[PDB]
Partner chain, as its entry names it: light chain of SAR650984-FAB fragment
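This document opens with one chain alone, in structure tokens, the form deposited without its partner chain.
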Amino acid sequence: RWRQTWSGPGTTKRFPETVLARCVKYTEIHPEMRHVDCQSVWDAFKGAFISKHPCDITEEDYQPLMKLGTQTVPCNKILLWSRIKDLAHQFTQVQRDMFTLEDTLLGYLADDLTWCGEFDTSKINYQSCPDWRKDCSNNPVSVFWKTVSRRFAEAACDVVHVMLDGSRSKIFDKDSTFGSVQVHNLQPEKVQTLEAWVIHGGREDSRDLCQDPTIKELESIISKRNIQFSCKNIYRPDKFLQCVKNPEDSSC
């Protein structure tokens, strides 16, 4: 107990009860998911990683879960994000203008949780789980997010929006889930434009960050996919959120 197996945090306490409860809550609230059997969902989620080496997980392990979690999302209202999840969520919560991954049954089930199992034992590992960097990238949590994030990108059509954190060293980060998985799985046949909203953290008075080298990079990558690119600065996200809640506002 003075040295754990893995370098990452262990499985969230009460993980099984938490996931099952989340599934119940989501399916009570969202009527199109009203039929989903939540025991079946939990069984499939378990099936992905229980009794498996937590450095040997594949997208295949998650297919029963992905199937049970099949859900239509309005394809033209998708909001992607990188390193700025709270603003993304606060924004969609005002009046459901857009949908993030966390607004789907599967995103909702897993948000903020950690989980892993052990090879040749059916026990959940509450003590530690693999770190993506130090231990392995093919771990239960990372493989889950990669799979669901890919599928979410594949669902998009028309204008897709992305919120980016303009206070970061790399506003667009090629190594992020957004940059390494989602940008490459938008379907050029279906997606007309990717519109980036660069969210300032430099509080008030700041530059045109749509000119940032990494933004030019993003523009290049997506342009070469035959998708148009658009960018906007959000200089004061506090004002932005206020204008979303009350666009009948003078300052707006």
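Positions refer to the first chain, counted from 1.
Student: Tell me which stretch, 219 to 227 or 28 to 36, has the higher mean Cα B-factor listed in the entry.
Tutor: Of 219 to 227 and 28 to 36, the stretch with the higher C-alpha B-factor average is 28 to 36.
Student: Check the entry's C-alpha temperature factors for 40 to 48 and 200 to 208, then say which stretch has the higher mean.
Tutor: Comparing averages over the C-alpha atoms only gives 200 to 208.
Student: Take the CA temperature factors straight from the PDB entry and tell me which of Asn125, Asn139, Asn76, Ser167 peaks.
Tutor: Among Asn125, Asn139, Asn76, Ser167, the PDB entry lists the largest C-alpha B-factor for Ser167.
Student: Which third, lowest, middle or highest, does the CA B-factor of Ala110 fall in along this chain?
Tutor: It falls in the bottom third of the chain.
Student: Compared with the other modelled residues in the chain, in which third is the CA B-factor of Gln182?
Tutor: According to the entry, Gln182 has a C-alpha B-factor in the chain's lowest third.
Student: State the tercile, meaning the lowest, middle or highest third, of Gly10 with respect to the CA B-factors recorded for its chain.
Tutor: Answer is middle: the recorded C-alpha B-factor places it there.
Student: By the recorded C-alpha temperature factor, relative to the other modelled residues in its chain, which third is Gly69 in?
Tutor: Answer is highest: the recorded C-alpha B-factor places it there.
Student: By its CA B factor, does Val94 count among the lowest, middle or highest third of the modelled residues in the chain?
Tutor: CA B-factor rank for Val94: highest third.
Absent from the display: the form deposited with its partner chain bound. The rest refers to it.
Student: In the deposited complex, does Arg34 have a heavy atom within 4.5 Å of its partner chain?
Tutor: Although its partner chain is absent here, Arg34 would touch it in the deposited complex, with heavy atoms inside 4.5 Å.
Student: Heavy atoms within 4.5 Å of its partner chain in the deposited complex: does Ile84 have any?
Tutor: Close contact is absent here: in the deposited complex, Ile84 is far from its partner chain, nothing within 4.5 Å, heavy atoms only.
Student: With the partner left out here, check for me: in the deposited complex, does some heavy atom of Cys157 sit within 4.5 Å of its partner chain?
Tutor: Result yes; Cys157 sits at the interface with its partner chain in the deposited complex.
Student: Does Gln127 make contact with its partner chain in the deposited complex, using a 4.5 Å heavy atom cut-off?
Tutor: Result no; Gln127 lies far from its partner chain in the deposited complex.
Student: Under the 4.5 Å heavy atom criterion, name the residues of 208 to 233 that approach its partner chain in the deposited complex, in sequence order.
Tutor: Residues within 4.5 Å: none.
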